[PDB]
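A.B. asks: Protein chains in written order, with the authors' numbering: chain A, 2 to 7; chain B, 2 to 7; chain C, 2 to 7; chain D, 2 to 7; chain E, 1 to 489; chain F, 1 to 489; chain G, 1 to 489.
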Amino acid sequence: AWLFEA
Amino acid sequence: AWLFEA
Amino acid sequence: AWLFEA
Amino acid sequence: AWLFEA
Amino acid sequence: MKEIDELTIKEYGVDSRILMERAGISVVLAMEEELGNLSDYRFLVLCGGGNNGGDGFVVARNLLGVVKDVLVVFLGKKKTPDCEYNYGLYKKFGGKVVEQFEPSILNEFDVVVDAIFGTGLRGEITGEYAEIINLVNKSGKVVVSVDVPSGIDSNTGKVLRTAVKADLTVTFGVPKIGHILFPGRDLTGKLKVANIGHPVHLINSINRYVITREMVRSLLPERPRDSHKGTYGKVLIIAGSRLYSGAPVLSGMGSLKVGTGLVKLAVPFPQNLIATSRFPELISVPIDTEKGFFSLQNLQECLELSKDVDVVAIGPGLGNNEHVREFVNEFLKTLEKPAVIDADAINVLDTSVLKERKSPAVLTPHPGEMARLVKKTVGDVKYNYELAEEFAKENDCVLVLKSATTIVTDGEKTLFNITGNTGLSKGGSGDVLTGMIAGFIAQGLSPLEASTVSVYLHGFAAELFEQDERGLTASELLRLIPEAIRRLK
Amino acid sequence: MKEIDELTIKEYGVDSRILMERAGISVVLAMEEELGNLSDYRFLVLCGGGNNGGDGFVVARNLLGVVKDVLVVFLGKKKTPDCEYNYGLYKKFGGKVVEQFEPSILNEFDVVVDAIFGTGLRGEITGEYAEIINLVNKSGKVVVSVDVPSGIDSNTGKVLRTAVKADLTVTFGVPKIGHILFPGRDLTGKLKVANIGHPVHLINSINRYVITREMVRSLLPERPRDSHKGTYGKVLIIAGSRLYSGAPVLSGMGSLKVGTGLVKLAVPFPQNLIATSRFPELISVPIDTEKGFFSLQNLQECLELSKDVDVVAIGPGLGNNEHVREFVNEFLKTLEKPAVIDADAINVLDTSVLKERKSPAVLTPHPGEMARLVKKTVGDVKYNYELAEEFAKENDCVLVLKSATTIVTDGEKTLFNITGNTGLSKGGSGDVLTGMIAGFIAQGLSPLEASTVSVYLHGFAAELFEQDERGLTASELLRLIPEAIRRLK
Amino acid sequence: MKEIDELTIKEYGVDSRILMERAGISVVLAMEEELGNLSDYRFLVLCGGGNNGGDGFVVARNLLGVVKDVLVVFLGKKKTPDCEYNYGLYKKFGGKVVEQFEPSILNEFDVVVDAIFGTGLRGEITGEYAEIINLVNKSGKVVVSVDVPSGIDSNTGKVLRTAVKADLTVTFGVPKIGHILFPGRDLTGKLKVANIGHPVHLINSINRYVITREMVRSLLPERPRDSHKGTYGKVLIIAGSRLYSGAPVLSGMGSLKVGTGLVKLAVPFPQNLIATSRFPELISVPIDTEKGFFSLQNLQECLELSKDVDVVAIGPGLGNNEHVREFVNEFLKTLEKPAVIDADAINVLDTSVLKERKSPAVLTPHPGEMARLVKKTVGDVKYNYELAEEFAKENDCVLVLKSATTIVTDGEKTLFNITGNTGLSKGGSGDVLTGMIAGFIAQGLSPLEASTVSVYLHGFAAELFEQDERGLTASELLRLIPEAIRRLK
Ligand SMILES: [K+]
Ligand SMILES: [K+]
Ligand SMILES: [K+]
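(1) Would F/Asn-134 count as contacting chain D if we go by Cβ distances under 8 angstroms?
(2) Within 7 angstroms: the Cβ of F/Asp-153 and any heavy atom of ligand 2?
(3) Could you tell me which residues DSSP puts in a beta bridge with G/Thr-169?
(4) For G/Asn-384, does the three-state DSSP call read helix, strand or coil?
(5) Keeping to the same chain, check which residues put their C-beta closer than 7 angstroms to that of G/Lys-257; ignore five residues upstream and five downstream.
(6) Could you work out which residues of chain H lie near G/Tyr-12, taking near to mean beta carbons separated by less than 9 angstroms?
(7) With 8 angstroms as the threshold, decide whether the Cβ of F/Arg-17 is near any Cβ in chain G.
(8) Could you tell me whether the Cβ of G/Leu-29 comes closer than 8 angstroms to any Cβ of chain A?
(9) Leaving out five residues before and five after G/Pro-286 in sequence, what residues of the same chain have Cβ atoms less than 8 angstroms from its Cβ?
(10) In whole angstroms, give me the CA-to-CA distance for G/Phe-172 and F/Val-216.
(11) Could you spell out the range, first to last residue, of the alpha helix (DSSP H) harbouring F/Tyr-87?
(12) Name, please, each residue of chain B whose Cβ falls closer than 8 angstroms to the Cβ of E/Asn-321.
(13) Leaving out five residues before and five after F/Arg-17 in sequence, what residues of the same chain have Cβ atoms less than 7 angstroms from its Cβ?
(14) Just to confirm, are G/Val-112 and G/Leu-46 a CB contact at a threshold of 8 angstroms?
(15) With hydrogens ignored, establish whether the beta-carbon of E/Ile-116 is closer than 7 angstroms to any heavy atom of ligand 1.
(16) Would you check if the distance between the CB atom of E/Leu-265 and the CB atom of B/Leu-4 is smaller than 8 angstroms?
(17) Evaluate F/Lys-192 with the Cβ neighbour count: other Cβ atoms within 10 Å of its Cβ, from every protein chain shown; 16 or more gives buried, anything less gives exposed.
(18) Is the Cβ of G/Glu-32 closer than 8 angstroms to any Cβ of chain A?
(19) Would the region 140-149 of chain E count as touching the region 63-83 of chain E if we require 3 or more Cβ pairs under 8 angstroms?
(20) Going by C-alpha to C-alpha distance, which of E/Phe-294, E/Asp-308 and E/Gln-300 sits closest to E/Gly-319?
(21) Drop a sphere of 10 angstroms on the beta-carbon of G/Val-378, count the other beta-carbons inside from all chains shown, and report buried for 16 or more, exposed for fewer.
(22) CA-CA distance, E/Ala-313 and E/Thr-334?
(23) For the beta strand (DSSP E) holding G/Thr-406, just list the boundary residues, first then last.
(24) Taking buried to mean at least 16 other C-beta atoms within 10 Å of its own C-beta, is G/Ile-206 buried or exposed?
(25) What residues in the region 412-428 of chain F have a beta carbon less than 9 angstroms from any beta carbon of chain D?
(26) What residue from G/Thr-414, G/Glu-326, G/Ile-237 and G/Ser-475 has the CA that sits closest to G/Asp-308's CA?
(27) Does any residue of chain D bring its CB to less than 8 angstroms from the CB of G/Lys-192?
(28) By the three-class DSSP mapping on this structure, what secondary structure does E/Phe-57 have?
(29) Within 10 angstroms of its Cβ, does F/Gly-49 collect 16 or more other Cβ (buried), or is it exposed?
(30) For G/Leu-38, which residues in chain A fall below 7 angstroms Cβ to Cβ?
(31) Would you say E/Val-146 touches ligand 1, meaning its beta carbon is less than 7 angstroms from a heavy atom?
(32) Specify the secondary structure class of E/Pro-268 as computed by DSSP and reduced to three states.
(33) Could one say the Cβ of F/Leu-64 lies closer than 8 angstroms to chain G's Cβ atoms, at least one of them?
(34) Would you kindly work out how many angstroms separate the C-alpha atoms of G/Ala-339 and G/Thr-409, rounded to a whole number?
(35) Determine the contact status of F/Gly-127 and F/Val-148, defining contact as a CB-CB distance below 8 angstroms.
(36) Let me know the secondary structure DSSP gives F/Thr-231 once reduced to three states.
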């Protein structure tokens, strides 16, 4: 969750 | 069954 | 645990 | 592998 | 029950301290069953001065030395003899009590035991009792209520200004009306009924019960192998109108899906053709009408159709106008068969007619229809089991008053149904139920038995819907019925 | 976003070199997540002179020594300060750059990183930039685009003569309109949104969003256990004609399948009977018409039917002739209820009427209907969110402009829906959606919320079809709706 | 590494702010990998004034808005430029800092990030830094240390009065000696090594490494199919005494179990017969002695037996008396074969003899034997890699200094082994290792390679024991060796 939103 | 009815 | 030690 | 060696 | 506590003490001889102990330790075992091993938790027990608080003191003492921490906050002004005795014991076993509540005291505990008020709640909760309950409701902690969530009136299920929202409620002997009716049923969370030593004869002498799986299993009629259509009875449904062509179909399949041998619908032409295009197993007799509604000109045809059947359901989709009113009332006055009366048949009904009938009747109103039928407000009749009881008794009928909890009474015996979900909160859902009742009477159940089995299976079919309940429709419900029946056994 | 880059640098104080680094390494981690271990691959990074190319230089440097081979082809004329800095680093770490592209250079590489143009694309790609992009599109290699596939206008999703077709696109902060609208959404491939250090307050200050599962979950209305039909609201659907008897049924079940308590259809006789033969849970009121279509002679009947409901949907299958036009416009002028306006109700609508209404409205046009409604070409209105915004704002409504990506706006807030598939590209599909919207307004959602939840679940129900999407029909979609709802939670 | 930070900044040109950022976000990703989704946790970040605290500020800023709560407690007197810059950013992004530590502040947080001291720790932690570290060690919270647990000297792994006990440590570029040697290795908890942008050439230019699976896999000798006994070499083990009949057997099977073709033991009669009764695959030559120990009268026999072999192991169970001392020293002086020297051969060794030998040697002392060999205290030699390095370099040998972390050096190259467990802390365990080394030299590995592969597999065989490690015996270890070897590949 911290680095990427998919 | 003896102590509780759910 | 509360009622019985086995 | 790129960010971490464990 | 207060009467049953008294008899077990005064006539049977059980010391009241012994009933109190068994109650407390019930609460401990019930929490263990729900939370698993209790030793990692910290407990905040909130105790009033009455016997509910005494039950709490017993709980608090039996956690001493077994769990991480216990603290009793005592909120009462004075203690009853058994509460005092048990407070005396908590203190002698080394328990910490305080009589001052601080908003931040919840921060140090995992579980709150709510033993403030039980069945001895009189009037509204105000003041620091309320502030304390509001604070607990805000805390996000796990709440276990002793007997009834404090602030629920245990006779009505009403909230007396404010009430505790419990995750688990442990009550004694029998469920109380306030656990069963809303809003109290919502605030009870998961309900456990503990046997605390009352003789079984008294427990069974209670006259209002919840409808259970075992009871519906024992009432389901037999399907003897050497049987034919007629073994399982015939139903006539008088229903529909040019406005409401759908109701007849849902009612008719209600009856068939519960195992009735024959269902005949009587529906104004050409709307009668709708049913057989959905379900050609039905018989759908066209009635010739002037404007698309039943009237007195269809009276004779309908009494004739009623000669060959065992039960008649009437009302769904009939419409409510003066011609329907004449027709329904003249019809029921003359029909010498059991009648199941729903929807618009209820809205135009003359109650003098129910009195003068020899044959039995079930009425299946929702609270809107009940309000209109007795000329009261919805709020006066909703969840009012005593009113329902007088109505049944005065009108020699069974009343099925529909709601999230449904009351089924004949004036002597009152049953509560708690199966179902909000997917039954849409049109067509009541129409199925009317069929199910008519069908079960047709198979030889009495009106009360028919009604009891039907409300239970109707609710249980809803719960079996595989997707989200809000998408449930009466057609899917019809499909789930035989699964509900299979799962009974 | 360019505004958000600036504020994070100029006001917050984050060095632009730090934003650039975090972006590059995001691309590396995103590729690792998609390809697994990167060490067996050979990378060809294509770098422009702007900051997108700088992001590429950062990518190229962070693969040096970790992968089989890297080569940067530099395509720019000059470098920005951060691109130059990062080019300087690639070279000092030992990286090979070249400034000449040979058609056969693709033969020696497995992955192409496309860092030619990002959000700073102005005008059409011609010349060797185009030849290079065409060559990459022909190569069958795995393509990873930095920020946006070069050649997509990041504000419109339009292709500026030619554009890169990516397997993966890694963008920064928020999705850009060009990833969300077509054709750009098709060329983006799998989209990842990397957090590269922008303060969360600014990221959230963005005013156009994609509709997500979490957002629809938080808007879904509550189903309180103590509820009845009326809790979940009533809808009237004014629809159908002797030409189009099917639309009313699909709309009506749209509403019911999303959890509405009551749906009444008003459909010209005898076509009204079609609905209840499919779904007898519906109420289908026959309207007496002269030629099979609604006209002013049905105006009073319909306002009367509208008194008892919460929302009115109008349009599906009405037909488009002068009598329908008079009727719809007089009706909406007088109806003091929320209106959901679809299909033929849109085709004959006078927009002066939307202005003069106190009550709210949702319009649900496809681009054909939008074109006719504002008197423009389909190509001018398709995927034109600013036009949709002005229309909503000027007409005080919510506009739901349907397409593979649907725009839902009220003039202030604009949402994009990306659920669905091509199975929704057939008749009846819009009719379901009109129902769903009307139903959700009936349950107490505002028009914008109702519309947002509906487009999402409508699309998500399509994706749950178990066989090939092209075989999906509106009837199957109706069945999938409650599964879509269950899977939300 | 401090040297590698400098070169990457000063020569390569990477801004130090960029190294600092990459470090911080490494810590965030590493915590995410260990705790799962971080959004439910509350973080307490403890920041010194140096660059370690700057790394913490970067961590704290990147949790802002993503997690439940963040709070930085700043413990320094002044800030370095990069710490100040990053403190400046935390504050501009809305972060709460305080400069006062309260014992009870731990109560409000789930995770403590320890960014007080890194590699710039000089001297002992006293005062409030210590009180703070003690308080964190008492709290039972999850601790994540940045670079090295504060209070570990990163060059020795020593505790400077007090140190943080971490669950996870995230370090940058390469593991530091203090993560690898005890007590620091114990306080590091789970170690992750993050790549933060240093050129790979510099990372690899480091000259002390941890022994890894990949390195041992690439050194394992080939087993060509067309091979015979002699392909895989011959070993002579000179060992045992009438006091210690067991050592020869464990050594000899050490050699065989690693794939040596032939092992000959030379053991005083009748103790030689012990080995072949356990393992008849061994050759166990009876040596005639006067009193049960080797002496000079066995010198010629043993040089003769050494003619046909490739390597000689000497020492296990020899006993330590003047006659053994004469014999070992005259023997090694004359033997023109690689020698592996263990146990009692080490205790009586004259180091002048190692100097005057042309042939190579491995010595395998535990710290007790090392202390005696260089005439220092155990505490002076334990985990002292520089002393081990000088000894190897001055005596032209490989030194394998055994302990929970074993140091293997030849004076130029130093390797650390971290496989094993406490089951190797009992007699016989070293005797196996001597065999394994001799066996691998016999198969053509150099002394350093032989030693590196052996310490790793010896440790890894211990970890494969299926029951509790404390019950592991040298005999079971011998059985696990070929499993260790299989699992390498
Ligand atoms: K209570
Ligand atoms: K790009
Ligand atoms: K640290």
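Every residue, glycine too, gets a C-beta built ideally from N, C-alpha and C.
C.D. replies: Let me spell this out:
(1) Counting from one through the sixth sequence, the residue named residue 134 of chain F turns up at place 134. Using a Cβ-Cβ cut-off of 8 angstroms, F/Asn-134 does not count as an interface residue toward chain D, since no Cβ of chain D sits closer than that to its own.
(2) The count along the sixth sequence starts at 1 and reaches residue 153 of chain F at position 153. Within 7 angstroms of the C-beta of F/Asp-153 there is not a single heavy atom belonging to ligand 2.
(3) As a position in the seventh sequence, residue 169 of chain G is number 169, starting the count at 1. Answer is G/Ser-145 and G/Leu-191.
(4) Stepping through the seventh sequence from its first residue, residue 384 of chain G is reached at position 384. Here G/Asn-384 sits in coil by DSSP.
(5) Reading the seventh sequence from its first residue, position 257 is the one you call residue 257 of chain G. Cβ-Cβ distances below 7 angstroms link G/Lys-257 to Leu-478, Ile-481 and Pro-482 in the same chain, with the five nearest sequence neighbours on each side left out; the list follows chain order.
(6) The structure shown contains no chain H; the protein chains it does contain are A, B, C, D, E, F and G.
(7) Taking the first residue of the sixth sequence as 1, we reach residue 17 of chain F at position 17. F/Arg-17 belongs to the set of residues whose beta carbon lies under 8 angstroms from a beta carbon in chain G.
(8) The residue you call residue 29 of chain G lines up with position 29 of the seventh sequence. G/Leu-29 counts as touching chain A.
(9) Against the seventh sequence, residue 286 of chain G aligns to sequence position 286. Hits under 8 angstroms: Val-267, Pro-268, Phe-269, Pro-270, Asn-272 and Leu-273.
(10) Taking the first residue of the seventh sequence as position 1, residue 172 of chain G is located at position 172. Taking the first residue of the sixth sequence as position 1, residue 216 of chain F is located at position 216. One C-alpha to the other measures close to 42 angstroms.
(11) The residue given as residue 87 of chain F occupies position 87 in the sixth sequence. If you look at F/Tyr-87, you'll find it in the alpha helix (DSSP H) that goes 81-92.
(12) As a first step, residue 321 of chain E must be located in the fifth sequence, where it is residue number 321. Contact of E/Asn-321 with chain B by beta-carbon distance below 8 angstroms is absent, the smallest such distance being about 49 angstroms.
(13) The residue labelled residue 17 of chain F in the question sits at position 17 within the sixth sequence. Within its own chain, the residues whose Cβ lies closer than 7 angstroms to the Cβ of F/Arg-17, once the five positions on either side in sequence are excluded, are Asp-82 and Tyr-85, listed in chain order.
(14) In the seventh sequence, the residue the question calls residue 112 of chain G occupies position 112. In the seventh sequence, the residue the question calls residue 46 of chain G occupies position 46. Yes; because the gap between Cβ atoms is below 8 angstroms, this pair is in contact.
(15) The residue you call residue 116 of chain E lines up with position 116 of the fifth sequence. For ligand 1, a non-hydrogen atom lies closer than 7 angstroms to the CB of E/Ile-116.
(16) Taking the fifth sequence and counting its residues from 1, one reaches residue 265 of chain E at position 265. Taking the second sequence and counting its residues from 1, one reaches residue 4 of chain B at position 3. One thing to note: E/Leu-265 has its Cβ no nearer than 8 angstroms to the Cβ of B/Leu-4.
(17) What you label residue 192 of chain F is simply residue 192 of the sixth sequence in a count that begins at 1. Counting Cβ neighbours within 10 Å, F/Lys-192 comes out buried, since at least 16 surround it.
(18) Indexing the seventh sequence from 1 puts residue 32 of chain G at position 32. Chain A, which has a Cβ nearer than 8 angstroms to the Cβ of G/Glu-32, makes this yes.
(19) Segments in contact, no.
(20) For the purposes of this step, residue 319 of chain E is identified with residue 319 of the fifth sequence, where counting begins at 1. Closest option to E/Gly-319, Cα to Cα, is E/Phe-294.
(21) Here residue 378 of chain G refers to the residue found at position 378 of the seventh sequence. G/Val-378 counts as exposed, since fewer than 16 other beta carbons sit within 10 angstroms of its beta carbon.
(22) In the fifth sequence, counting from the first residue as 1, residue 313 of chain E sits at position 313. In the fifth sequence, counting from the first residue as 1, residue 334 of chain E sits at position 334. For E/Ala-313 and E/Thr-334, the distance between alpha carbons rounds to 14 angstroms.
(23) Position 406 of the seventh sequence, counted from the start, is the residue given in the question as residue 406 of chain G. For G/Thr-406, the enclosing beta strand (DSSP E) starts and ends at 406-409.
(24) Taking the seventh sequence and counting its residues from 1, the one referred to as residue 206 of chain G is at position 206. Result: exposed.
(25) Within the region 412-428 of chain F, no residue places its CB atom closer than 9 angstroms to a CB of chain D.
(26) For the purposes of this step, residue 308 of chain G is taken as the residue at position 308 of the seventh sequence. Measuring from the Cα of G/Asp-308, the nearest candidate turns out to be G/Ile-237.
(27) Position 192 of the seventh sequence, counted from the first residue, corresponds to residue 192 of chain G. Output row for G/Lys-192: interface = yes.
(28) Locating residue 57 of chain E in the fifth sequence gives position 57, counting from the first residue. Correct three-state label for E/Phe-57: helix.
(29) Here residue 49 of chain F is taken as the residue at index 49 of the sixth sequence, counted from 1. Buried: at least 16 other Cβ atoms inside 10 Å.
(30) By one-based count along the seventh sequence, residue 38 of chain G stands at place 38. Near G/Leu-38 (Cβ distances below 7 angstroms), the residues of chain A are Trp-3.
(31) Along the fifth sequence, one-based indexing puts residue 146 of chain E at 146. Yes, the beta carbon of E/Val-146 sits closer than 7 angstroms to at least one heavy atom of ligand 1.
(32) Locating residue 268 of chain E in the fifth sequence gives position 268, counting from the first residue. Strand at E/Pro-268.
(33) Counting from 1 along the sixth sequence, the entry for residue 64 of chain F is found at position 64. For F/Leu-64, the answer is yes, since a Cβ of chain G falls inside 8 angstroms of its Cβ.
(34) Start at 1 with the first residue of the seventh sequence, and residue 339 of chain G comes out as number 339. Start at 1 with the first residue of the seventh sequence, and residue 409 of chain G comes out as number 409. Their Cα atoms are separated by approximately 16 angstroms.
(35) Here residue 127 of chain F corresponds to residue number 127 of the sixth sequence, with the count starting at 1. Here residue 148 of chain F corresponds to residue number 148 of the sixth sequence, with the count starting at 1. No, the pair does not count as a contact, with Cβ atoms beyond the cut-off.
(36) The sequence position of residue 231 of chain F within the sixth sequence is 231, counting from 1. In the structure shown, the three-state DSSP call for F/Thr-231 is helix.
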